[PDB]
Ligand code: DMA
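Next up is one chain by itself, shown in C-alpha cells, the form solved without the ligand.
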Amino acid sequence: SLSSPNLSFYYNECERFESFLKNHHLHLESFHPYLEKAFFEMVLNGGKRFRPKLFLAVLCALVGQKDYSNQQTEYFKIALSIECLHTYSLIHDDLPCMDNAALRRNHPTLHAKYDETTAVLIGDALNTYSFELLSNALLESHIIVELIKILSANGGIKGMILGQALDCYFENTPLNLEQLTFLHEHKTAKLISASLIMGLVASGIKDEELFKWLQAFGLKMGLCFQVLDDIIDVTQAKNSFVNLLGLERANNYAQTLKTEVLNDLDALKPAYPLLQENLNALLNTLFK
C-alpha cells in the first residue's frame, strides 16, 4: 500500500546505494589491457541487490535518519562488500569446470569475454576486495572486526563455499531432504542471514536477543528464498526441491514456509515496529 516515512526513506537509500555502486571506481595502474575494467564488470552488470537491501533494511530501521546520513557512505561500503562476495561466487560458479555459462543476465561472463584465468583471478580479487572494503569503512574498530568475523565465517568454508562445493559435486545426484536442506542452508541462507545480522552489528545497538532472532530469521527466509528460486527455474536436473518434492508439493511448501516466515516476523511488531515494517515490505516484494 502507501509507504510511511521510514519505509520511504529506506526505499530511497536502496536507490542511492545502487548509484554508489555504479560510481565505485578502482584505479589500477598497470600495463594489463583489461584487468581494471574486468574487475568490477560483473558487479555492475549483476544486480537485484537482495543482500545489500537486507543489510539496509535492518540498518535504516535501527539508526535515526540524521545519524545515518553521517555515515551513509561507510554503510554503503559495507553493503558493497556483501555484494562483492556474492558476485565472486557467481564468477566462479560460471566457470567451465563448474556451470560452464557463457552468459549471465544475457551479458558475457568473464571467461567467455576474456579468458578462464582472468575469471578465476577476478573472482579471487573480489573475494579479497570484500574484506578491504569492510576494513576501510570508517566505523568503530570493534564494529569492523565483528562485521569481518561474520562475513568471513558465513561466506567461507563453513558456509557459502561448503554449500557451493556440495552443489557442484552432487550436480546429477538425487539428495534426501536433510542433505538438500543442508546444501541450501549453506549455499544460499548463510550469506542472507549474515546480511541481516551485519545490519544489527553496523547499527551499533547491542541486543543479544535480536541478534539470535535475526540470525534464525535469515536462515529460514533464505530457505524460503531458495525454494521459491527452485520453483521459478521450472516455470521459465539441478539439486532442487521441485525434484525432491515435485512441483505441486514444492509450491505448497513455499506457501507454508511463507506463512511461517511472515508469522514469526509479526512477533517483531511490539518491540521493533520500524524493523518489522522494512523487513515485511522487502519480503512481500520477494513473494510477489
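Residue numbers here begin at 1 and follow the sequence given.
With residue 236 and residue 237 adjacent in the shown sequence, let me know how many deposited residues between them lack coordinates: none, 1 to 3, 4 to 9, or 10 or more. Gap between residue 236 and residue 237: 10 or more residues without coordinates.
110 to 118 or 123 to 131, whichever carries the higher mean Cα B-factor: If you average the C-alpha B-factors of 123 to 131 and of 110 to 118, the larger mean comes out for 110 to 118.
Residue stretch of maximal mean CA temperature factor, 211 to 219 vs 150 to 158: It is 211 to 219 that shows the higher mean C-alpha B-factor.
Within-chain third of residue 68 by Cα B-factor, per the entry: Its C-alpha B-factor belongs to the highest third of this chain's values.
Residue 242, C-alpha B-factor rank within chain (lowest, middle or highest third): According to the entry, residue 242 has a C-alpha B-factor in the chain's middle third.
Within-chain third of residue 206 by Cα B-factor, per the entry: For residue 206, whose C-alpha B-factor we compare with every modelled residue in the chain, the answer is the highest third.
When the modelled residues of the chain are sorted by Cα temperature factor, does residue 185 land in the lowest, middle or highest third? Lowest third, going by the recorded CA B-factors of the chain.
Residue 178's Cα B-factor: lowest, middle or highest third of the chain? As the PDB entry reports it, the C-alpha B-factor of residue 178 lands in the middle third of its chain.
Absent from the display: the form deposited with the ligand bound. The rest refers to it.
Is every one of 24, 37 and 132 in contact with the ligand in the deposited complex, taking contact as a heavy atom within 4.5 Å? Zero of three within 4.5 Å in the deposited complex.
Of the residues 122, 151, 160, 200, which one places a heavy atom within 4.5 Å of the ligand in the deposited complex? None of the others qualify; the residue that does is 160.
How about residue 249: is it within 4.5 Å of the ligand in the deposited complex, going by heavy atoms? Residue 249: no contact with the ligand in the deposited complex.
Counting only non-hydrogen atoms and a 4.5 angstroms cut-off, does residue 113 reach the ligand in the deposited complex? Residue 113: no, not in contact with the ligand in the deposited complex.
Would residue 188 show up as a contact with the ligand in the deposited complex if we use heavy atoms at 4.5 Å? Output for residue 188 is yes: heavy atoms within 4.5 Å of the ligand.
Is residue 51 near the ligand? Define near as a heavy atom within 4.5 Å, in the deposited complex. Yes.
Counting only non-hydrogen atoms, which stretch in 88 to 96, 139 to 147, 212 to 220, 71 to 79 is within 4.5 Å of the ligand in the deposited complex? This holds for exactly one stretch, 88 to 96.
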